[PDB]
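K.L.:
sequence, then structure. It's an experimental one.
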Amino acid sequence: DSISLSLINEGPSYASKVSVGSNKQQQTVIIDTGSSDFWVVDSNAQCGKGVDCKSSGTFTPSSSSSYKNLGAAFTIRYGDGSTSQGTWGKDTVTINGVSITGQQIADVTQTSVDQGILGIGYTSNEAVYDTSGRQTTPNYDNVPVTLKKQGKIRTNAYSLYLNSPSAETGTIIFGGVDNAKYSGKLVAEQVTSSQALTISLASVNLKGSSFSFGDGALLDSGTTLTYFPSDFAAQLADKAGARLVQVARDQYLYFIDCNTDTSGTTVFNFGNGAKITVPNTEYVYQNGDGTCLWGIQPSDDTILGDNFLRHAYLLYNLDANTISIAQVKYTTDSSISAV
Ligand SMILES: CC(C)c1nc(CN(C)C(=O)N[C@H](C(=O)N[C@@H](Cc2ccccc2)C[C@H](O)[C@H](Cc2ccccc2)NC(=O)OCc2cncs2)C(C)C)cs1
């Protein structure tokens, strides 16, 4: 079947509403193709210093009579330093009506993160470790795998339309595909990792010049921007005129002249003759003040994040080990297919 869930464009992340427990407590959580674990803010948690982690709704295990506690510790750290510590449990999850009993989540009692995050990647990528690497629970069925297993979806798959940068809602469908919001054909691409949802990027065309790359990249719904290895990211910054700019001890960030030309487009060539074009406005991000960040940053891991993914329709399929892509089309229209 199809389960279209709405995606709220918060700015840096896209969240959906999820209700959890017997009394269906509504949390808004980030939808995350970069993580595989679903955790929510607990009512009685201390948010990290200077962070308002409870204004996207909270979770009270005591109010839900289906809530079972595993008694295993939970801990995760995100690429930007945010972490989240809490406890492993089980309970009812409802997503736009449909409901899965005994879905294992993490109840989090402290978090430098702004809201809960619904991670929906490969179960092999679950945070089941503590900071020493010593294991705290077996790899478990996450949401998507529990949907399929309770016969909610046919296959463990989903599509991802985040809409235009001006758009307020976009959409994710579980075990369904809109065939009206992409041109061309959907080009299936082999995932290059049994742990992360990565596909071979061959090269990137930037400001009319081609830059061979050849290595995998994560199609992450929950990264805001786009990251590359320093060396590569450096060659790219040059040609576009971005400056690397130390703002912390070991953290650097590319800034760019706020009035740089962005009439161009930036192209991403994948393996099967797939191609996704990104308009350059996606590479000036505004800082509240009078500075602008480059939408491309350096990092150990390549990530095509929100600023890339706006511009593609994507048919993730975790039982196939494929992610199909097609240049994005923006419309009110739609037409779904319960694959
Ligand atoms: C202003 C504020 C709200 C925000 N700024 C940002 C801009 N930044 C830096 C991010 O996008 N942050 C990304 C990130 O960590 N994203 C997170 C979402 C998040 C949301 C709110 C606050 C903090 C994090 C979620 C992302 O899918 C990343 C992708 C990733 C995976 C492995 C290695 C590196 C990166 N997921 C994870 O890092 O999960 C960690 C694990 C994977 N497997 C076991 S643990 C980084 C990859 C850059 C996000 S939210």
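P.N.:
Received it, and whenever you're ready, just let me know what you need. Residues are numbered from 1 along each chain as shown.

K.L.:
alpha carbons only for contacts and neighbour counts from here, please
P.N.:
OK.

K.L.:
right, is stretch 106-125 up against the ligand?
P.N.:
Yes - counting by C-alpha under 6 Å from any ligand atom, the ligand is contacted by stretch 106-125 at 113, 125.

K.L.:
which positions in that stretch come out as buried?
P.N.:
106-123, 125 (16 or more other C-alpha atoms under 10 Å).

K.L.:
what do you get for stretch 147-165?
P.N.:
Those would be 147-148, 152-164, for stretch 147-165 by 16+ other C-alpha under 10 Å.

K.L.:
so what touches it?
P.N.:
Residues from elsewhere that reach stretch 147-165 (C-alpha atoms under 8 Å, 6 or more residues apart in numbering): 1-2, 7, 9, 14, 98, 100, 144-145, 169-178, 181, 309-319, 330, 338-339.

K.L.:
quick one: distance of it to the chain centre.
P.N.:
13 Å (C-alpha atoms, centre = their mean, to the nearest Å).

K.L.:
end to end on that stretch, go ahead and measure it.
P.N.:
30 Å (C-alpha to C-alpha, to the nearest Å).

K.L.:
ok, now stretch 319-334?
P.N.:
25 Å.

K.L.:
any buried residues in that stretch, and which?
P.N.:
For stretch 319-334, by 16+ other C-alpha under 10 Å, it's 321, 322, 323, 324, 325, 326, 327, 328, 329, 330.

K.L.:
sort out for me which of those residues are in helices.
P.N.:
Secondary structure assignment by DSSP state H places none of the buried residues of stretch 319-334 in helices.

K.L.:
how about those residues, which pair is most distant?
P.N.:
Within the buried residues of stretch 319-334, 321 and 330 form the most distant pair, 26.8 Å apart (C-alpha to C-alpha).

K.L.:
circling back: which of the buried residues of stretch 106-125 fall in strands?
P.N.:
Among these, DSSP state E puts 106, 107, 108, 109, 110, 111, 117, 118, 119 in strands.

K.L.:
tell me who's in contact with the residue of the stretch 101-250 of the chain found nearest the ligand.
P.N.:
Among the residues of the stretch 101-250 of the chain, residue 223 lies closest to the ligand, at 3.4 Å counting by C-alpha to the nearest ligand atom. Taking C-alpha under 8 Å, 6+ apart, we find residue 223 in contact with 12, 13, 34, 303, 304, 305, 306.

K.L.:
only the buried subset of those residues, as a PyMOL command please.
P.N.:
Buried members of those, defined by 16+ other C-alpha under 10 Å, are picked up in PyMOL with:
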select buried, resi 13+34+303+304+305+306
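
K.L.:
related to what we said a few turns ago, need the ones in strands among the buried residues of stretch 106-125 in a markdown table (columns: distance to residue 213).
P.N.:
Formatted as a markdown table, these follow (distance: C-alpha to C-alpha, whole Å):
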| residue | distance to residue 213 |
| --- | --- |
| 106 | 37 |
| 107 | 40 |
| 108 | 39 |
| 109 | 42 |
| 110 | 39 |
| 111 | 36 |
| 117 | 31 |
| 118 | 31 |
| 119 | 28 |
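
K.L.:
can I see the domain layout of the chain?
P.N.:
1-175, 176-339 (curated CATH domains).

K.L.:
please report how far the closest residue to residue 284 other than its chain neighbours lies from residue 145.
P.N.:
Spatially, and ignoring its direct neighbours in sequence, residue 284 is nearest to residue 294 (5.2 Å; C-alpha to C-alpha, 6 or more residues apart in numbering). Going from residue 294 to residue 145 by C-alpha to C-alpha gives 37 Å.

K.L.:
now do residue 319
P.N.:
9 Å.

K.L.:
just residue 61 next, same as before
P.N.:
23 Å.

K.L.:
same question for residue 92.
P.N.:
Taking C-alpha to C-alpha, one finds residue 92 at 14 Å from residue 145.

K.L.:
now residue 21
P.N.:
19 Å.

K.L.:
just residue 1 next, same as before
P.N.:
In terms of C-alpha to C-alpha, residue 1 sits 14 Å off from residue 145.

K.L.:
setting aside sequence neighbours, what's the nearest residue to residue 140?
P.N.:
Residue 140 sits nearest to residue 123 (C-alpha to C-alpha, 6+ apart), 6.5 Å away.

K.L.:
residues touching that neighbour, list them.
P.N.:
By C-alpha under 8 Å, 6+ apart, the neighbours of residue 123 are 36, 139, 140, 141, 142, 195.

K.L.:
same thing with residue 181?
P.N.:
161, 313, 328, 329, 330, 331, 333, 334.

K.L.:
cool, and residue 321?
P.N.:
190, 191, 194 are the contacts of residue 321 under C-alpha under 8 Å, 6+ apart.

K.L.:
CA atoms only for the helix or strand containing residue 100 - export them in CSV, please.
P.N.:
Secondary structure assignment for residue 100, by DSSP states H and E: strand 98-111. C-alpha atoms of strand 98-111 as CSV (Å, rounded to 0.1, in the frame of the first residue of the first chain):
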residue,chain,number,x,y,z
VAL,A,98,-1.8,3.4,10.1
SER,A,99,-0.3,1.8,13.2
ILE,A,100,2.4,-0.7,14.1
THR,A,101,2.4,-2.5,17.5
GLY,A,102,5.7,-3.1,19.4
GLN,A,103,8.0,-0.9,17.4
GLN,A,104,11.4,-0.5,19.2
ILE,A,105,12.4,3.1,19.7
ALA,A,106,14.7,5.1,22.0
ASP,A,107,13.1,7.2,24.9
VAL,A,108,15.7,10.1,25.3
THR,A,109,16.2,11.9,28.6
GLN,A,110,19.0,14.3,27.4
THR,A,111,19.8,15.7,24.0
